[PDB]
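Secondary and tertiary structure notes
If you want the building blocks of each chain, they are given just below.
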Amino acid sequence: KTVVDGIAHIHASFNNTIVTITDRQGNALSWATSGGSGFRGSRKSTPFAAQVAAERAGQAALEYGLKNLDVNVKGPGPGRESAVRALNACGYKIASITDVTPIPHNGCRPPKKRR
Amino acid sequence: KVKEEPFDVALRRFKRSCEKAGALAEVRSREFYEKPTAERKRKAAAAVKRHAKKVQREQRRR
Amino acid sequence: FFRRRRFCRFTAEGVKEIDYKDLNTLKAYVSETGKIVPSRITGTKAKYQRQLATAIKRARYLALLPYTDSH
Amino acid sequence: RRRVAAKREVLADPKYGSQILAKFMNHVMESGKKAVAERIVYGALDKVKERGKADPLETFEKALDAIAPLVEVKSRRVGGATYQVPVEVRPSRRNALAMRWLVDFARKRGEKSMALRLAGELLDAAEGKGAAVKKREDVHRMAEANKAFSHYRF
RNA sequence: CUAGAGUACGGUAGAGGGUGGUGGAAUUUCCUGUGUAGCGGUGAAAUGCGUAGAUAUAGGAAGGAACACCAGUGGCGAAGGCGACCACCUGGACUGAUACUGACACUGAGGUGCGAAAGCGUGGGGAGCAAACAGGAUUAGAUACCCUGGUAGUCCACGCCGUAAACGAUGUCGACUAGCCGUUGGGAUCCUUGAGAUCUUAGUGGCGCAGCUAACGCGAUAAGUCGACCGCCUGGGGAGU
Ligand SMILES: [Mg+2]
Ligand SMILES: [Mg+2]
Ligand SMILES: [Mg+2]
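Residues numbered from 1 in each chain as written, not as in the entry; some residues may be left out. Chains lettered and ligands numbered in written order. Part of a larger assembly, values for the part shown. Heavy atoms only, no water. Residues with missing side-chain atoms left out of burial classes, pairs and counts.

Chain C goes by 30S ribosomal protein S18 in the PDB entry, where it is assigned to Pseudomonas aeruginosa. The deposited entry bears the title "Pseudomonas aeruginosa 70s ribosome from a clinical isolate". Listed in UniProt under the heading Function (unreviewed entry), the comment for chain C reads: "Binds as a heterodimer with protein bS6 to the central domain of the 16S rRNA, where it helps stabilize the platform of the 30S subunit." (UniProt positions renumbered as here; feature names shortened; annotations may be inferred.)

Identification of chain B as 30S ribosomal protein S21 from Pseudomonas aeruginosa is taken from the PDB entry. The Sequence similarities (unreviewed entry) comment attached to chain B in UniProt states, word for word, "Belongs to the bacterial ribosomal protein bS21 family."

Below you can see the structure in the form of C-alpha cells.
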C-alpha cells in the first residue's frame, strides 16, 4: 500500500508521550508510545524517551512510503520539541510545524489544588 | 505556525514563535482552580512589584 | 516612540467614532495568532482602547476576523 | 573548599625503561613493600614474554585499553529523590580505573604461584574473556538504562 | 438677601439594574471509519480502564454551565456586588453656560428596607467540579494529607433565613492647613508642529514638612486644628453562654 505526504501527530502529557503517523484522511498508520519502549516510571517522562518512541514510529511508516511529513505538536509536557529533532533523523522531509493546543476561553472548572 | 532552508533555523523560529505568542504559561495555570481571592493576590502583589520597580530603577537612574 | 505615535493614530485625527468596517486599521492591532494586543505596546489612550475592543468583538462576530489558528 | 591540590610525580623504572609500569607498580605495593612487589610485577612480565613473542609492554598496553571504561554513573541526589547520572570519565582518571580493577581480580584468581595470577589477567584482556573486561562492559550497560537522567534533574 | 440646597439646558463616561435573544473555543456522553497493545496515575506504586478493540485519530449528533486575549493601584454601585455580543425598558453621578426658587439644611432612639456564601421549601434541569461516602497507598496507628471513583449541592424560577476577618479592623456631614511624582473624565488658557505647556475642579495611587501618637505609623482620601448629632467601652475566665 502506497501513501505519501502524511501527517505526524504528537501528544505530550506530563507523564507519557504518544506519536501517531497518519494521512490527510485521519487514519492510523503507525502509533508509538513512550511506555512501549520500556521505561515505565520516572524515566518515562524524560525528553530522551520521546526520541526513542519517535524514531520507532518512523520505521513502521516506511512500509507505505511517506516521504513528506506535517507535524502537529500538542501538549504541555517535556519532550515537546525534542520529538521533532528525532523525525528527520530517520530521513523525513518535514514541511511545516504547527501548534495545536486546546485552550478554553472559559471552559469547565479544573480540579482542586494539591497540598 | 512555522513553515520552511536548514532545519535548525526553523526549530528556533518555532521555539521562539510559540513563546512570543504564548499558550505555554496559560496551559500551566489550568491544572488547579484558584478561588477568586487567590486571583486577587496576583492582582495585588504584581501591582506592587511594578510601581516599586519604577522607583528602584530611579536609584540606578541617579 | 512607536508607542507614542500610535496614541496619535486616533487622537491626531478626527476619527473618534471608529467603525468595525475599516479592516485595514484593525489588522494593525491584532497579533499573528488572533488575540488582541495590550495598550502598553501600542500606547493608545485608554479612551480608545476600550472603544477599540468593541469593534474587534463585533467584526469577529460577522466572520471578518478569526479567533484562533484552528478555524 | 578552597582549591589547593597540586601535583606530585613518580616516574622511575631503570631496569626496563618505562613510565606506565612504575605507576602500576605503586598499585601493587602493600605497606611499603616495594622490593617485594617489584619482582612480582617483573615476575608476571617475563611469563608473558615466555608466553607471547611480542614485547610484553605492548600486551600490557593492550590490556589497559580493554579494561579502561568510557562512561560511568554518578549518584547525585536531588534532595528528595535518589538519581544516578552517567558521566563522561575524565581522560586522566581512566588509567587508574583499569589498573585498580586489574589487581583486585588477580587476588581472587585462586591459583598457586602468585605471579601466575597476574600473568593470566594480562593475557585475557588482550582478547576480552577476562573478569575485568566482563566487569568493564557490565557498567557500560548500566549507563543506557541511566541515560534518561543524562541532563534532566542531573 | 444669595454664598447652603434644589430645579430647568446642553454635553460626555461606565462589568449600575431587570427582561429576552445569539455566538465561538474547550470538556463529557453517543454514533461511525482507520488502527493495535497498553493507557492513566505517582516520592515510587496500587485500586481503576483495556483485544468483548482502550488511549490515539478523523466524521457526526445531543446537552450543560462558564465568558481567554483586551484587563490596568482601571471603572461603576449606598454596601453586599458587578466582565461574551445586540435589542429592550430603567436609576444616579460628572462638566459647561444660563435663568429661576430664596435657607427649603444637617443628623437620627425607636421604626422601615436592601442583606456574600453555606443552608431550607415546591417545581424544573444534571456538562464539569465535589462535602458525606467507597477502595488503593502511606502509616506503631491515619478517621487525614496524596490516588481512582462518587451523591446532596453549585445552575433556573418562586419563597425563606439574616449572620462573616460584612475590613480602610477607621459613623455620617462641614470648614482651614508646605510640597513632589503618577492615573481615570471634563473643561480651560496657550506659540503651534507637538511624544505640547500651565492652571482648575470630580475620583483613585506612591513619598513627604508641620503637627499628633505608648510606639508602629497616618499625614488635602488625617489618626492635624475645630464644630453638629448618634452608636458604643469599663480587669481575665465564667460568657455573647
Ligand atoms: Mg565548603
Ligand atoms: Mg468585603
Ligand atoms: Mg466592626
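Additional details are given in the paragraphs that follow.
A count of helices and strands for chain B gives four helices and zero strands. Helices (α) and strands (β) of chain B occur, in sequence order from the N terminus, as α-α-α-α. The C-alpha atoms of chain B give a radius of gyration of 19 Å, which is well past the 11 Å a tight globule of 62 residues would have. Looking at chain B residue by residue over its 62 residues, the buried ones come to 13%. Per element, the accessible surface of chain B, about 5,800 Å² overall, is 50% carbon and sulfur. (Helix = DSSP H or I, 4+ residues; strand = E, 2+ residues; numbered from the N terminus. Rg over C-alpha atoms; globule rule 2.2 N^0.38 Å. Buried < 20%, exposed > 50% of the residue type's maximum accessible area, 1.4 Å probe, protein only. Areas by Shrake-Rupley, 256 points an atom, 1.4 Å probe, with all protein chains shown as cover.)

The next thing to look at is the packing of aromatic side chains. Two numbers describe a pair of aromatic rings. These are the distance of the centres and the angle of the planes. All told, the structure shown has five aromatic pairs over all chains when counted by the stated rule. For the ring pair A:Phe39 and A:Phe48, a centre distance of 6.5 Å and an interplane angle of 90° mean the geometry is edge-to-face. Members of the aromatic cluster, joined through ring pairs, are C:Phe10, C:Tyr29 and C:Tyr48. The aromatic ring of B:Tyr33 is capped on one face by A:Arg109, whose charged end is 4.2 Å from the ring centroid. Lying over the aromatic face of C:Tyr20, C:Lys21 brings its terminal NZ or CZ to 4.4 Å of the ring centre. (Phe/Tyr/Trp six-rings, centres within 6.5 Å; stacked < 30°, edge-to-face > 60°. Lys NZ or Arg CZ within 6 Å of the ring centre and 35° of its normal.)

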